[PDB]
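Everything on this sheet refers to the single structure shown next.
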Amino acid sequence: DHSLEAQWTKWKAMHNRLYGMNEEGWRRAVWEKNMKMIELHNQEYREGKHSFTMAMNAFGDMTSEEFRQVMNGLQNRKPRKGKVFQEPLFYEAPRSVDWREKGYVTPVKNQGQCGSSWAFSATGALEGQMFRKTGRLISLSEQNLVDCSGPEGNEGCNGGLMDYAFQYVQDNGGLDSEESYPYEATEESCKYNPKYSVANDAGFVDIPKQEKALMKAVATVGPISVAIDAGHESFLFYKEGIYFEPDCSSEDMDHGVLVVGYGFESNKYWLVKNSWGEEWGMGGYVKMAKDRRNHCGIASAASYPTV
């Protein structure tokens, strides 16, 4: 009715959308299907069938093809070439951890029209380690990785891996700050300048494919880089609460993110920092189901750098 037409017009304006005559038609269809599922889902939430709610956002008119192109960023083959993390049995991890309260985490960033989640997950873990080492929080450059880690196996906006990113930092002897090497969301020439370098003696460690191990690692090291299966509109439109997708895969992770802590609702979850801006989820964060048989592959390809 008039309400639907009005809401569509408002969303378009709000997100500054200008479509051609033919596109307008199918973009709206995409948007309406999403609005319908968000509605049905939220009703089921009220009925207690879900732990999280959904809400329309800037990705309301996006196609699955476009999603795979700019929202993700992880490569198919995920090799384990880093040092090994041995789960300490005689260490008892706390019930909850949140590194943002310790000042290990920088503000939420936005990868934009570039499938570079690998770069954001990488700098995220590095920023925490540098803070653990200097007590100084400096935002690192994702653009540096995008433009320079090609030899390490990365493909800029076409995907890469966090380990390849950590490898680059090793071989290179440093990574610039975001202030000196701004994010452009595209592949340009490598402008790495030593004058603004940080993390000169790096390396990386891979964590076993177990949540118990991942938990002990987060509690003792700081934020950790993890890969998750994010290809679901439930995640795309996630709003708040504990995210749980029955159709989530524990083996096909396409999105790189950062775990900054874990806890339980006073029911356990992982505090995850995403790079889709503050307008997504909980200020750019998502509480993901913990200890639910490696939900979304959270513990299948986790690692952290060493400085």
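We're numbering straight along the sequence, starting at 1.
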Query raised in the report: Same cluster for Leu161 and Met71 if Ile/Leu/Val/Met/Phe/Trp/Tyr side chains link at under 4.5 Å?
Result: no
Report task. Can you establish whether the number of heavy atoms outside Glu92 located under 6.0 Å from its atom CD is more than 12? Result -> no
Query raised in the report: Looking at OG of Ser117 and CG of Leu258, how far apart are the two atoms once the value is rounded to the nearest 0.5 Å?
Result: 12.0 Å
Query raised in the report: Any donor-acceptor pair under 3.5 Å linking the side chain of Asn57 with the backbone of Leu236?
Result: yes
Query raised in the report: With a 4.0 Å cut-off, would you call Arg17 and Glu23 a salt bridge?
Result: no
Requested in this report: Output yes when a side-chain donor or acceptor of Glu211 lies under 3.5 Å from a complementary backbone atom of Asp291, and no otherwise.
Outcome: yes
Query raised in the report: Any donor and acceptor pair, going by atom type alone, linking the side chain of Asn267 with main-chain N or O of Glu265 inside 3.5 Å?
Result: yes
Query raised in the report: Checking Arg292 against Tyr269: charged group under 6.0 Å from the ring centre and within 45 degrees of the axis?
Result: no
Requested in this report: Could you tell me the separation between the CD atom of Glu44 and the CE atom of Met54, rounded to the nearest 0.5 Å?
Outcome: 9.0 Å
Query raised in the report: Taking 4.0 angstrom as the limit, do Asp254 and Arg68 come out as a salt bridge?
Result: no
Report task. Drop me the distance from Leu140's CG to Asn144's CG, to the nearest 0.5 angstrom. Result -> 9.0 Å
Report task. Step by step, work out the side-chain contact (heavy atoms from CB on, under 4.5 Å) result for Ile207 and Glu87. Result -> CA-CA 9 Å; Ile207 302 166; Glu87 181 198 324; over 6 Å; no
Query - Separation between CE of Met215 and CH2 of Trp270, rounded to the nearest 0.5 Å - result: 6.5 Å
**Report entry** Exceeds 12 heavy-atom contacts within 6.0 angstrom, atom CD of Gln43
**Finding:** yes
Requested in this report: Taking atom CG of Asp247 as the centre, report whether more than 12 heavy atoms of other residues, nucleotides or ligands fall under 6.0 Å from it.
Outcome: yes
Query raised in the report: What class does the angle between the rings of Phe85 and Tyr304 fall in, given that below 30° is parallel, 30 to 60° is tilted and above 60° is perpendicular?
Result: perpendicular
Query raised in the report: Are any of the side-chain heavy atoms of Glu187 and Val146 separated by less than 4.5 Å?
Result: yes
Query raised in the report: Is the NZ atom of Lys12 crowded by more than 12 outside heavy atoms at less than 6.0 Å?
Result: yes
Query raised in the report: So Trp8 and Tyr19, would you call those rings parallel, tilted or perpendicular, with 30° and 60° as cut-offs?
Result: parallel
Query raised in the report: In terms of ring plane angle, is the pair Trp280 and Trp276 parallel, tilted or perpendicular, where the classes change at 30° and 60°?
Result: perpendicular
Report task. Indicate, with yes or no, if the rings of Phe120 and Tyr183 have centres closer together than 6.0 Å. Result -> yes
Requested in this report: Would you indicate whether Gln86, at its atom CD, is surrounded by more than 12 heavy atoms from other residues, nucleotides or ligands within a distance under 6.0 Å?
Outcome: no
Report summary line: Distance col, row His41:NE2 vs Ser234:OG, nearest 0.5 angstrom, shows 7.5 Å
Query - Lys/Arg cation over aromatic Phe264: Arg95, 6.0 Å, 45° cone - result: yes
Query raised in the report: Within a reach of under 6.0 Å around NZ of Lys81, are more than 12 heavy atoms found that belong to other residues, nucleotides or ligands?
Result: no
Query raised in the report: So, do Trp31 and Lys36 sit near enough that their side-chain heavy atoms are less than 4.5 Å apart?
Result: no
Query raised in the report: Shared ILVMFWY cluster between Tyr104 and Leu137, side chains joined below 4.5 angstrom?
Result: yes
Query raised in the report: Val108 and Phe59: same hydrophobic cluster, using ILVMFWY side-chain contacts below 4.5 Å?
Result: yes
Query - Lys/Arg N to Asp/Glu carboxylate O, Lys191 vs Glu188, below 4.0 Å - result: yes
Report summary line: Rounding to 0.5 Å, atoms CG (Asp171) and SG (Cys148) come to a distance of 12.5 Å
Query raised in the report: Heavy-atom count around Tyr196 OH within 6.0 Å, excluding the residue itself: above 12?
Result: no
Query raised in the report: Can you find a pair of side-chain heavy atoms, one from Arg80 and one from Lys209, that are under 4.5 Å apart?
Result: yes
Query - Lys216 side chain vs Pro88 backbone, donor-acceptor pair below 3.5 Å - result: yes
Report task. Check the surroundings of atom CD in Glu251: do more than 12 heavy atoms from other residues, nucleotides or ligands lie under 6.0 Å from it? Result -> no
Query raised in the report: When the ring planes of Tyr243 and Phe52 are compared, do they come out parallel, tilted or perpendicular, using 30° and 60° as the limits?
Result: perpendicular
Query raised in the report: Is the distance between the ring centroids of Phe244 and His295 under 6.0 Å?
Result: yes
Query raised in the report: Which heavy atom in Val169 sits nearest to a heavy atom in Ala199, and how many Å separate them?
Result: CG1-O, 3.8 Å
Report task. Determine, stepwise, if the pair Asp206 / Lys78 fulfils side-chain contact (heavy atoms from CB on, under 4.5 Å). Result -> CA-CA 11 Å; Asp206 289 319; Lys78 293 171 175 56; over 6 Å; no
